[PDB]
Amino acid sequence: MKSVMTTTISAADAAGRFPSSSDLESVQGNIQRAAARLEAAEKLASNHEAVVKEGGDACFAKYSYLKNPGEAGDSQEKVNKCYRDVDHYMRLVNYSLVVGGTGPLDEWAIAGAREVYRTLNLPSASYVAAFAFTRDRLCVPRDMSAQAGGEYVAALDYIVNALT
């Protein structure tokens, strides 16, 4: 689980070192930045159903062809799995904001995603559409503070880059 703490500790362990000054300083930054990302995580946790709905809606709005026979969303159940997937990512966004690292997204969503989506005929651009919208939907200070908004957008940009 990649975070500030686990990365520094892993580096120290690889060299067989006790935690030193640079390890301690790195953790101090985790302290400083925690408030912003925890605010973002809490806002997401309190309103994720509405956010997920908007994300999935944006996907099928942009790519209505998905509902055609033989396509990824040709049934209500398949469409439901699409919104479920968006919910999966956003919960991992919430996790990544709490952890302060892309760990939860890396291990639980991104790793092996290309193989899954390729094999199951799930166009990557459809996921991109959901999270590009989710990212661009935010504005400050309506939804959250500026630094909280920075964390929220950055985590979503991380997903979009991973998809592209």
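All residue numbers refer to positions in the sequence shown, first residue = 1.
- Query: Comparing 15-23 with 151-159, where is the mean C-alpha B-factor higher?
  - Reply: The stretch with the larger average C-alpha B-factor is 15-23.
- Mean C-alpha B-factor comparison - 134-142 and 91-99, higher one: The entry gives the higher C-alpha B-factor average to 134-142.
- Task: Could you tell me which one of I31, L105, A41, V52 shows the highest CA temperature factor in the PDB record?
- Result: Highest C-alpha B-factor among the listed options: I31.
- Message: Per the entry's values, where does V116 land by CA temperature factor relative to the rest of its chain, in the lowest, middle or highest third?
- Response: According to the entry, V116 has a C-alpha B-factor in the chain's middle third.
- Tell me, lowest, middle or highest third: where does the Cα B factor of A35 rank within its chain? Top third by C-alpha B-factor.
- Using the B-factors in the PDB entry, rank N68's C-alpha atom against the chain and give the third, lowest, middle or highest. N68: CA B-factor falls in the highest third of its chain.
- Item | CA B-factor ranking of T6, expressed as a third of its chain | Middle third, going by the recorded CA B-factors of the chain.
- Query: Ranked by Cα temperature factor within the chain, is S126 in the lowest third, the middle third or the highest third?
  - Reply: Lowest third of the chain for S126's C-alpha B-factor.
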